[PDB]
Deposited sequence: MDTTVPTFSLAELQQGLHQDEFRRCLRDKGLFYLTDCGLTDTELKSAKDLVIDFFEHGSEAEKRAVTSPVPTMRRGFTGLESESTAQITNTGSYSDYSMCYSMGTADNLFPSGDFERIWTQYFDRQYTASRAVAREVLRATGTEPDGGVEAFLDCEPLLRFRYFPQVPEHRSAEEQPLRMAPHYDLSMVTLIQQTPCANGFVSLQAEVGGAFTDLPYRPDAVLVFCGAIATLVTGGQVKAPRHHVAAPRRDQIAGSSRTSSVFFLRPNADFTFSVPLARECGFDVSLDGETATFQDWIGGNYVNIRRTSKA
């Protein structure tokens, strides 16, 4: 096996090209760069610039106005820990399809457009993962993809321990190479590409497809920023319990079918550590 992290054109995949290469990538590696998906550094620049201005120069009052009363990183501003501040180590801004907290109309306009482009690209590449593996989710493809996404931008003025994601797919845009993944048993660099987004397959891809997609571990070594988009299923997403057991899930589920809520519990869990 070549341990190269491949690149695919979303448009070419949607035209039915490279299907054998794509299927092999999904099973053996579970990560790839994606071009021709409506996301490049051009779309990132406006959003990145205005949130860094907010991190660096917004006042405490402005920040409090867009901070949730519980520090979950679901929506709005968060100072994130590893005299002073938890913001000394890192700062985050989070959003979803609704219940958002924006510091101004300008920010709102720019970040709503950026979110929509990310959400569209993530549903599109998940649709191709499903098609290439012959997978029809219980309840159908479009209701599975109309889901509960989370976007988080993180600024760092290990940075992240080794883990796998529990998403369907995760899309990463970035600004020494900090991001690393296991490929062919060795740590492999994942540098930025101005022309492409990085796609990690998550454990829900593995689950829905019956084990045809790998969910790879990755870590962040030690300024930098990243945009991380999690495509996450609805709580009522339903799957086969025996099939989950056949591809490595250590479930404690009675009965033949279960939901995402049954498996994970009452709160989303975005990442998991093997150790």
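Residues of the deposited sequence that lack C-alpha coordinates fall in the stretches 83 to 90, 166 to 177, 196 to 200, 248 to 256, 310 to 311.
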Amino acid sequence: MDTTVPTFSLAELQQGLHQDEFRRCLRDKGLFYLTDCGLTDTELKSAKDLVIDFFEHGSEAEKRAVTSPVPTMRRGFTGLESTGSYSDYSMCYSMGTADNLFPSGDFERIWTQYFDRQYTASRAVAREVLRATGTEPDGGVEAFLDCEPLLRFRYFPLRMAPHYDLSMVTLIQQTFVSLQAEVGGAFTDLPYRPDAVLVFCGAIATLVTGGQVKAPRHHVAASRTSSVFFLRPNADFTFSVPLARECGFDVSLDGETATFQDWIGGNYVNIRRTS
From here on, numbers count along this sequence of modelled residues.
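In this text, the rigid core denotes the largest set of C-alpha atoms whose superposition between the two forms falls within 1.5 Å.
RMS Cα deviation from the shown model in 6 other deposited structures of this protein, rigid core fit, is larger for 97 to 105 than for the other stretch of the pair 142 to 150 / 97 to 105. Greater average departure of CA atoms from the shown form, over structures and residues in 6 other deposited structures of this protein after a core fit, characterises 248 to 256 among 5 to 13 and 248 to 256. In at least one third of the other compared structures of this protein with flanking residues present, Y89 is left unmodelled. Stretch comparison (49 to 57 versus 224 to 232) by mean CA B-factor in the PDB entry places 49 to 57 on top. The deposited model assigns a higher average Cα B-factor to 32 to 40 than to the other stretch when 32 to 40 and 233 to 241 are compared. The entry assigns its greatest Cα B factor, within the set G96, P137, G185, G76, to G185. Ranking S9, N267, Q19, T257 by Cα temperature factor from the entry places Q19 first. Annotation for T112: C-alpha temperature factor in the middle third relative to the rest of the modelled chain, per the entry.
In the PDB entry, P162 places in the middle third of its chain by CA B-factor.
Placement of the Cα temperature factor of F200 within the chain: lowest third of the modelled residues, per the deposited record.
Per the PDB record, residue ranking by Cα B-factor puts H218 in the lowest third of the chain. When all modelled residues of the chain are sorted by CA temperature factor, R154 is found within the middle third.
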